[PDB]
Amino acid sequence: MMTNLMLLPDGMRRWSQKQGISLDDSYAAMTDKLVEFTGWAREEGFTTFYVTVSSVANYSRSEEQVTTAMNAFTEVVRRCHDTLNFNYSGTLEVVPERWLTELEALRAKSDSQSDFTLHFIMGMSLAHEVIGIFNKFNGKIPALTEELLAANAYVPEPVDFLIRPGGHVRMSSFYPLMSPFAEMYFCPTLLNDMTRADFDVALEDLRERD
């Protein structure tokens, strides 16, 4: 029975400024924090933990900025893939090949028998998502159905809860297409400053709406 959580990581540049460290070191703190967060989500019973790694727009950051971020996200998977199920999706054509190749090999040997999945979405953008689905089925089916759309969306199931730390109240190209009933939670805390208590009080807020 799916119960799933989506995180929109944010605040690494601001944290690097706050701490007086490089962007690389802030993204290293992000890797550590996302491993923590993945374990919190698993402990809390979520069946999939979705992490929005990147938008299409993000890949127009500088080459160094893209490498910093993509390496830091991939390092989460290097550390976790042997003890959870790893999957990924998105507008893969904008993801630099080096990261796609590495993430695919990690996916291929990840722990497929795990009841818990870490799922990365890369290159998020509703317009690119819809264009890809259209082009796959164009002329090949009589009509698009809700089932076929759900089976081809980047996020493969409805998202129950979405958390965005870092102070910005916006989706920034990360909205999950097939989640009309998702509950959203925003907080100012930068991702790298989030504690388990911060996560727990976010879940109190999210769970106490229903």
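Numbers for residues come from their place in the sequence shown, where the first is 1. Here the rigid core means the biggest group of C-alpha atoms that line up within 1.5 Å when the two forms are laid on top of each other.
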> Once the rigid core is matched, which of the two stretches, 118 to 126 or 136 to 144, lies farther off on average in 4 other deposited structures of this protein by C-alpha?
Replying inline: 136 to 144
> When the other structures are laid on this one by the rigid core, do the CA atoms of 157 to 165 or of 60 to 68 sit farther away in 4 other deposited structures of this protein?
Replying inline: 60 to 68
> Do the C-alpha atoms of 61 to 69 or of 45 to 53 have the higher average B factor in the entry?
Replying inline: 61 to 69
> Of the two stretches 123 to 131 and 110 to 118, which shows the higher Cα B-factor on average in the entry?
Replying inline: 110 to 118
>> Checking the record values for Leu203, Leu8, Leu5, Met2, which has the greatest CA B factor?
In response: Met2
>> Please say which third, lowest, middle or highest, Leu34 falls into when its CA temperature factor is compared across its chain.
In response: middle
> What third of its chain, lowest, middle or highest, does the C-alpha temperature factor of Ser16 fall into?
Replying inline: highest
>> Please say which third, lowest, middle or highest, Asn192 falls into when its CA temperature factor is compared across its chain.
In response: middle
>> How does the C-alpha B factor of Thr91 compare with the rest of the chain: lowest, middle or highest third?
In response: lowest
>> Could you place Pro180 in the lowest, middle or highest third of its chain by Cα temperature factor, using the values in the record?
In response: lowest
